[PDB]
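*Asks:* Chains as they are written, first to last, in this note's numbering: chain F, 152 to 380; chain B, 152 to 380; chain C, 351 to 360; chain Y, 351 to 360.
Where a beta carbon is used, it is the ideal one built from N, C-alpha and C, also for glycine.
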Amino acid sequence: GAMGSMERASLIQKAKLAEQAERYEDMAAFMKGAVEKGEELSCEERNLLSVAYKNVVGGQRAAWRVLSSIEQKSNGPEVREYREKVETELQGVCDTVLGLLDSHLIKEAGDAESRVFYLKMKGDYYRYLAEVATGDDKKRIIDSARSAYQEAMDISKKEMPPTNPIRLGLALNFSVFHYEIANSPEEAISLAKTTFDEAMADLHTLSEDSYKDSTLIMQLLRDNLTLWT
Amino acid sequence: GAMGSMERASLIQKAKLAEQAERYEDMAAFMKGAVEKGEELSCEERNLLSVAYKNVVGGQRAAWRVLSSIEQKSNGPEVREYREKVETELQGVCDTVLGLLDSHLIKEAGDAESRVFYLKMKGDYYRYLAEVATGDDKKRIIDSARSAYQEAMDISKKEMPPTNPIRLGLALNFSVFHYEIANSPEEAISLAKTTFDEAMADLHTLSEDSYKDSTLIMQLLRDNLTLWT
Amino acid sequence: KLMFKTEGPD
Amino acid sequence: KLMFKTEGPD
Ligand SMILES: N=C(N)c1cc(-c2ccccc2)c(CC2CCNCC2)s1
Ligand SMILES: N=C(N)c1cc(-c2ccccc2)c(CC2CCNCC2)s1
Ligand SMILES: [Cl-]
Ligand SMILES: [Cl-]
Ligand SMILES: [Mg+2]
Ligand SMILES: [Mg+2]
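#1: In this structure, does DSSP put residue 377 (chain F) in helix, strand or coil?
#2: Using a Cβ-based criterion (distance less than 6 angstroms to any ligand heavy atom), does residue 236 (chain F) qualify as near ligand 7?
#3: As a quick check of your reading: which residues have a C-beta less than 6 angstroms from at least one non-hydrogen atom of ligand 2, in chain order?
#4: Is the Cβ-Cβ distance between residue 354 (chain B) and residue 303 (chain B) less than 7 angstroms?
#5: Is residue 189 (chain F) near residue 154 (chain F), with beta carbons less than 7 angstroms apart?
#6: Does the distance from the CB of residue 426 (chain B) to the CB of residue 160 (chain B) come in under 7 angstroms?
#7: With respect to 6 angstroms, is the separation between the Cβ of residue 173 (chain B) and the closest non-hydrogen atom of ligand 4 below this value?
#8: Verify whether the separation of the beta carbon atoms of residue 343 (chain F) and residue 378 (chain F) is less than 7 angstroms.
#9: So that I know if they touch, is there some Cβ in chain F lying closer than 7 angstroms to that of residue 175 (chain B)?
#10: Answer with yes or no whether the minimum CB distance from residue 323 (chain F) to chain C is below 7 angstroms.
#11: Would you say residue 337 (chain F) touches ligand 5, meaning its beta carbon is less than 6 angstroms from a heavy atom?
#12: Can you tell me the Cα-Cα spacing of residue 341 (chain B) and residue 279 (chain B), whole angstroms?
#13: Less than 6 angstroms between the CB of residue 300 (chain B) and some heavy atom of ligand 4, yes or no?
#14: Does any C-beta atom of chain F lie closer than 7 angstroms to the C-beta of residue 229 (chain B)?
#15: Can you tell which of F:299, F:349, F:314 has its C-alpha closest to the C-alpha of residue 325 (chain F)?
#16: Just verifying my parser: in three-state terms, what is the DSSP assignment at residue 172 (chain B)?
#17: Inspect the beta-carbon positions of residue 415 (chain B) and residue 306 (chain B) and report whether they are closer than 7 angstroms.
#18: Within the region 309 to 335 of chain F, note down every full alpha helix (DSSP H) run reaching 4 residues or more, in order along the chain.
#19: Taking Cβ to Cβ, would you say residue 254 (chain F) is nearer than 7 angstroms to residue 277 (chain F)?
#20: Can you give me, in chain order, the residues of the region 210 to 226 of chain B that have a beta carbon less than 7 angstroms from any beta carbon in chain Y?
#21: Ligand 3 and residue 233 (chain F): does any heavy atom of the ligand fall closer than 6 angstroms to the residue's C-beta?
#22: Could you tell me the distance, in whole angstroms, from the CA atom of residue 237 (chain F) to the CA atom of residue 219 (chain F)?
#23: With 7 angstroms as the threshold, decide whether the Cβ of residue 374 (chain F) is near any Cβ in chain C.
#24: Based on Cα-Cα distance, which residue from B:191, B:202, B:195, B:193 lies nearest to residue 180 (chain B)?
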């Protein structure tokens with residue numbers, strides 16, 4: 152692609168610059184380019200990838216919801232046309248990310264910390280597709296997300312401690328999937344409570360710095376449980 | 152361009168949607184398309200144009216300043232390359248806006264409220280170029296801004312009351328030009344005080360609603376004077 | 351839309 | 351950069 156001629160390390164440097172400048176489309180373009188060099192990513196490099204695309208797709212999702220709500224209220228073609236335009240861009244980004252995970256990040260990820268991170272991302276980007284799906288593939292999209300999340304969960308439960316931030320962020324996300332996408336609110340609540348309680352019981356093993364990382368995500372679980380119960 | 156096949160009114164509708172969605176690049180693209188239909192703009196249409204591009208160029212300026220500061224601190228090529236990339240995009244947007252004003256918004260604007268608005272924009276977008284100019288055209292860029300602003304001022308003083316929000320926003324902007332671009336801080340202060348004091352003396356003529364619009368911009372003049380004196 | 355907490359930035 | 355007040359949005 153367009154980043155083919157730039158050095159892997161230069162792309163990573165520039166992703167970090169872009170992040171500081173709040174230039175998240177540039178950030179995502181640079182990390183895409185880094186990924187396409189074909190080497191595995193470090194922990195920090197995985198984080199840069201996720202943050203970039205998360206920021207990009209976040210703007211799209213928020214814009215989609217504004218438009219969709221206006222469209223719902225109105226029920227000429229402009230509102231639907233423009234909502235369709237934003238939706239198609241959002242779908243494009245999700246497709247791009249899924250593309251990177253399938254070609255070939257997931258298949259080369261053997262470590263629990265890499266594998267679970269990528270499979271969570273897979274579940275997330277299918278979840279983003281699900282939020283805007285109304286067609287005959289809606290069910291398959293949902294099952295793709297569920298399947299990605301579950302494989303991640305199984306690995307995380309066998310291979311990581313209950314306080315592992317990756318495992319925690321996966322469970323948070325999978326619980327919201329359950330609540331909101333799968334229409335399984337009891338499953339959502341059950342997962343979020345179990346996850347919180349098992350984390351709680353493992354905190355005693357952590358350094359002050361690990362303690363802060365874990366409890367931050369645990370508080371997110373708590374926030375959702377408060378809304379849900 | 153790409154908006155050639157869409158109806159003028161549909162472009163305006165969609166600019167308004169984009170604004171609500173905080174999709175300012177789309178907003179700007181739609182208003183560019185509206186402009187290129189070749190009809191004059193209404194007051195509301197002028198505002199939509201300005202707000203769109205203002206939002207776009209605002210993100211670029213902020214990102215430029217982050218990068219430029221990092222670049223200044225560092226004194227390999229990546230920091231300068233990436234600052235140059237953002238700068239070139241910023242220059243592109245300014246050039247596009249100046250293009251619209253020259254082809255052919257300004258020459259068809261006869262009303263004080265339209266003419267002054269467009270000439271202020273001209274001064275503003277040359278001012279944005281000036282903020283990032285280091286070359287042998289720096290002086291000409293600055294003079295283009297000064298010239299645009301001054302023509303606007305002359306018209307505003309002859310044709311609008313001292314409380315006219317357009318006139319007020321022009322004087323604010325021209326005062327910052329003086330302070331920061333022309334390195335004329337005494338001129339900046341003098342313009343901002345004179346402008347504030349003449350507005351103050353004309354408020355008695357206004358409705359409650361005009362009063363609120365005028366005093367809001369007057370407070371901006373005050374804010375700068377507080378920083379400057 | 352009431353949006354629930356999910357991992358990472360907004 | 352200390353940015354001064356100018357017309358319209360940021
Ligand atoms: N550029 C970014 N936004 C991020 C970079 C990294 C990272 C930095 C060094 C090594 C590995 C990862 C992130 C993970 C966090 C998790 C919480 N504690 C420390 C950092 S996020
Ligand atoms: N879409 C936007 N952001 C804007 C639209 C308009 C406008 C709306 C109707 C007629 C003319 C102009 C703006 C000017 C303001 C000035 C202060 N009072 C009222 C509105 S701003
Ligand atoms: Cl559209
Ligand atoms: Cl670059
Ligand atoms: Mg129950
Ligand atoms: Mg003096």
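*Replies:* On the basis of the data shown:
#1: Locating residue 377 (chain F) in the first sequence gives position 226, where the first residue counts as 1. Correct three-state label for residue 377 (chain F): helix.
#2: This structure does not include ligand 7; its bound ligands are ligand 1, ligand 2, ligand 3, ligand 4, ligand 5 and ligand 6.
#3: B:170, B:194, B:195, B:198, B:199, B:202, B:364
#4: Counted from its first residue, the second sequence places residue 354 (chain B) at position 203. Counted from its first residue, the second sequence places residue 303 (chain B) at position 152. No, Cβ-Cβ distance for residue 354 (chain B) and residue 303 (chain B) is not below 7 angstroms.
#5: As a first step, residue 189 (chain F) is located in the first sequence; it is residue number 38 there, counting from the start. As a first step, residue 154 (chain F) is located in the first sequence; it is residue number 3 there, counting from the start. No; because the gap between Cβ atoms is not below 7 angstroms, this pair is not in contact.
#6: With chain B represented from 152 up to 380, any question about residue 426 (chain B) goes unanswered, as that position is not in the structure.
#7: Counted from its first residue, the second sequence places residue 173 (chain B) at position 22. Residue 173 (chain B): no, Cβ never under 6 angstroms from ligand 4.
#8: Locating residue 343 (chain F) in the first sequence gives position 192, where the first residue counts as 1. Locating residue 378 (chain F) in the first sequence gives position 227, where the first residue counts as 1. Not in contact: residue 343 (chain F) and residue 378 (chain F) (Cβ atoms no closer than 7 angstroms).
#9: Numbered from 1 along the second sequence, position 24 holds the residue referred to as residue 175 (chain B). Chain F, which has no Cβ nearer than 7 angstroms to the Cβ of residue 175 (chain B), makes this no.
#10: Start at 1 with the first residue of the first sequence, and residue 323 (chain F) comes out as number 172. True, the Cβ-Cβ gap to chain C drops below 7 angstroms.
#11: Numbered from 1 along the first sequence, position 186 holds the residue referred to as residue 337 (chain F). Answer for residue 337 (chain F): yes, Cβ within range of ligand 5.
#12: Locating residue 341 (chain B) in the second sequence gives position 190, where the first residue counts as 1. Locating residue 279 (chain B) in the second sequence gives position 128, where the first residue counts as 1. For residue 341 (chain B) and residue 279 (chain B), the distance between alpha carbons rounds to 23 angstroms.
#13: Indexing the second sequence from 1 puts residue 300 (chain B) at position 149. No, the Cβ of residue 300 (chain B) stays beyond 6 angstroms of every heavy atom of ligand 4.
#14: Taking the first residue of the second sequence as 1, we reach residue 229 (chain B) at position 78. Yes, because at least one Cβ of chain F sits closer than 7 angstroms to the Cβ of residue 229 (chain B).
#15: For the purposes of this step, residue 325 (chain F) is taken as residue 174 along the first sequence, with counting starting at 1. Nearest C-alpha to residue 325 (chain F): F:299.
#16: Counted from its first residue, the second sequence places residue 172 (chain B) at position 21. Residue 172 (chain B) falls in the coil class under three-state DSSP.
#17: A query on residue 415 (chain B) cannot be resolved here, the shown segment of chain B reaching from 152 to 380 and no further.
#18: 316 to 327
#19: Here the question's residue 254 (chain F) lines up with position 103 in the first sequence. Here the question's residue 277 (chain F) lines up with position 126 in the first sequence. No, the Cβ-Cβ distance between residue 254 (chain F) and residue 277 (chain F) is not below 7 angstroms.
#20: 216
#21: Residue numbering aside, residue 233 (chain F) sits at position 82 when the first sequence is read from its first letter. It does: the Cβ of residue 233 (chain F) is within 6 angstroms (strictly closer) of some heavy atom of ligand 3.
#22: Start at 1 with the first residue of the first sequence, and residue 237 (chain F) comes out as number 86. Start at 1 with the first residue of the first sequence, and residue 219 (chain F) comes out as number 68. Rounded to whole angstroms, residue 237 (chain F) to residue 219 (chain F) spans 10 angstroms at the Cα level.
#23: Walking along the first sequence from the start, residue 374 (chain F) turns up at place 223. Output row for residue 374 (chain F): interface = yes.
#24: Reading the second sequence from its first residue, position 29 is the one you call residue 180 (chain B). The shortest C-alpha separation from residue 180 (chain B) is found at B:202.
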